[PDB]
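As a starting point, one isolated chain is supplied in structure tokens, in the form deposited in one PDB entry.
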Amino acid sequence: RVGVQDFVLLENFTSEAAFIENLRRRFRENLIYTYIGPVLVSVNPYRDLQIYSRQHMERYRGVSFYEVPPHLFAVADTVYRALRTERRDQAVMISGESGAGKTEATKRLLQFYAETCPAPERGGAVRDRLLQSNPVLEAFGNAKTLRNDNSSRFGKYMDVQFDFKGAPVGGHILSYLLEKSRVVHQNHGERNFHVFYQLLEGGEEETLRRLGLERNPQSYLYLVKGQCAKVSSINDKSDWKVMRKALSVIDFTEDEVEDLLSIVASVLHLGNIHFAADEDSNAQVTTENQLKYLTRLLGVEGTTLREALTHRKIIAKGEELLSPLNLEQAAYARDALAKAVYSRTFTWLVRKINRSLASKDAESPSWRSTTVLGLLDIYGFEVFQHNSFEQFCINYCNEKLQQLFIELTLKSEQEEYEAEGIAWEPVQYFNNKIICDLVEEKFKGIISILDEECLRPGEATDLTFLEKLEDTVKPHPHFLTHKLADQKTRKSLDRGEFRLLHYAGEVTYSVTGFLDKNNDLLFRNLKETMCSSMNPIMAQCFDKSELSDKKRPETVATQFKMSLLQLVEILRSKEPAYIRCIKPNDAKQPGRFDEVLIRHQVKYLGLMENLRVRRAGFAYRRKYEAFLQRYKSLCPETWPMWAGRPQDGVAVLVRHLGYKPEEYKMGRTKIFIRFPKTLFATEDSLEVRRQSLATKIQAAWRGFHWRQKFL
């Protein structure tokens, strides 16, 4: 082998350079996978490595985590066989940067379950539906950024669902954290969701005529703000044909696809609506050419839409009151309808795929079994030279998925030692709860102060919001601004910005566009206008029962918080696993290794801190039966069978293997091994002992081989 396959082995473990050297050392020899104890680190090779063929899923099937070099198949077997024996739900969490290999990892987990599980026909159906739907979810949910061409701007959650017989019953697919602000407002050098550019470049002329769309993306106010309408690396004229096949393979009718494209076209037209002031400063729609097409494409009456874009409705003593919108609020109402229509249509595509994965079983006795092998493909810590509302929300997501990592993994491991009766001191850790509360706490957090400045009376602005962070979170140890900073720090941090000391280190946020991006003023007038729609998809996105909600419209930060609280809750019930994914270049190519990028990956993924904690705790555990039945062949007193208690058989076996008192612990029902070195030494001893087992079988076969065909 090349460099140490498990970072808990390296001895200089407090040093960032020795870690990056072992990545650099292994990677350039095509060893793209390396562990941190049970956690996987996966480096994207940007080329075909044939390590995923059927023979590799066989090579890893049921093999123990220490016999073989790291791979997704080694994690997949581990999380599967946990589910298959503890019968309690699991969650494989994949995270890492845009272009780091999260969605290619997700594809190789599904190919692995389909080939390893008992039911290859239903495994094939759940694989194929979750893979063939991918070009659709990428077209509607990814977008171009300053860095990568195809950044996934949502968390995609996916299950394969298993019975107690260990066969795939069905699947699930869910989508938690769609970046709504991007539908309407991109930063410089970033483009809107791919479906728009794929529609305009790739569409048939008859379709674009039907939709009222011209080819040049700069003619649409929602496509042009990015200033990158044309890109050399992306072939929109060809991804469209794979996207349209993918809709057709999810069993969409051509009627559903024309209903769907009419919404993509409608979002383009919704951006082209221009308001101007009446004499009372009320908004009036100046044009008619957009509303002409929106009347057909959204299937809503043109005067009703013209009214809803320009008035907000309240309902009081049964009376209904239209109050007209100032043209700043009409711009927010137009844009809130674009974000609403797009979000609900993406949620509808996801739910449309999900309902085709469902169990075919009667959900009735003897039905008494559900177990889930959940996957999450979620972004890593997003950091740029210019960070906005988008990165603030994304980095708040990775703050909370770390707070959950502490709760589910670093606390449950201490409670495993105390339950198994091991007298061991807890590993010191830093706790995100102080930073989660800085962002989210009910009337103290940044999201609550940001929602206040969207709702507050008067000439509120991004800079007046920053002055209010400065006064409200004033004493806080993990928040800073240019005003609050000392002079040593004020050279590194400007007047348009604040800084959060996230668990993985500082990120610095420009306040510009925080109030424009947090506003999602979808008034009920726009909801009930859409509930009445003759487009079948909009009649399922907007529902007559929602009009009972008496509240003011929630902002995009609150909607992200409330859906992040649902992603945390959907994982909190399940036992985790982790893959951390590393982008070796900001511009693809194989073999090239950017250490200024990879040192930033290794920083913000928190790999050094996870290693410090994981090396201080124990590396391995098994129930004494599951330890003994494996390793007994090394110890003649336990071979072929041990007659005593399982714990007693392990007790003689660890004397036979010569473990010193610092290397192991005998817990209540689990053996523990502290250092991976002891376990590697034991697994290497078992690997030579297997030669004797084969020799005995071969000698026994050769003792039978003659007698059945002579005399």
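Throughout, we count residues from 1 along the sequence that is shown. Note that the rigid core is defined as the largest set of C-alphas that superpose within 1.5 Å between two forms.
There is also a form deposited in another entry; it is not shown, and the following applies to it.
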Conformational change between this form and the one not shown, one of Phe465, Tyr220, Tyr620, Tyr176, C-alpha moving 2 Å or more after core fit: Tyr620
Rigid core superposition, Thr638 Cα moves 2 angstroms or more between this form and the one not shown: yes
Core superposition between this form and the one not shown, C-alpha change of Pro118 at least 2 Å: no
C-alpha of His476 moved at least 2 Å between this form and the one not shown on rigid core: no
Note on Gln218-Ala587 C-alpha separation in the other entry, which departs from the shown form by 3 angstroms or more: farther
